[PDB]
């Protein structure tokens, strides 16, 4: 029922990054520089294959500072986590959703079984609820 903290995620495949700045509709709460990481099982799904149970995607979100026309990574605000289990997480479409405040394992953020998170990712039904595309 609970999503595992994705230990060692920092050494996974870096899928992409995006910057969300003040004025963007998702500034709350996704404002900052974010990086998406995928484990080996997730990569198979991302490649065009299907997602094996045990596939994990991580949204790693940082605050940034402006420094003379550079945006520089500040403090980690949170990690978001999607964990593939077709049977266990079938209520939110095969992915378990969890947020860890400041990336800390103890600071689980999701209180509704991940309904809130799913509600937005459900628009991406046709690509198994993942927004991120693999690039070169």
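Residue numbers count along the first chain shown, from 1.
The deposited model assigns a higher average Cα B-factor to 85-93 than to the other stretch when 99-107 and 85-93 are compared. On average the C-alpha atoms of 124-132 have higher B-factors than those of the other stretch, with 124-132 and 8-16 being the two compared. Annotation for 74, 29, 54, 80: 29 ranks highest, by Cα B-factor. Ranked by Cα temperature factor within the chain, residue 42 sits in the middle third according to the deposited record.
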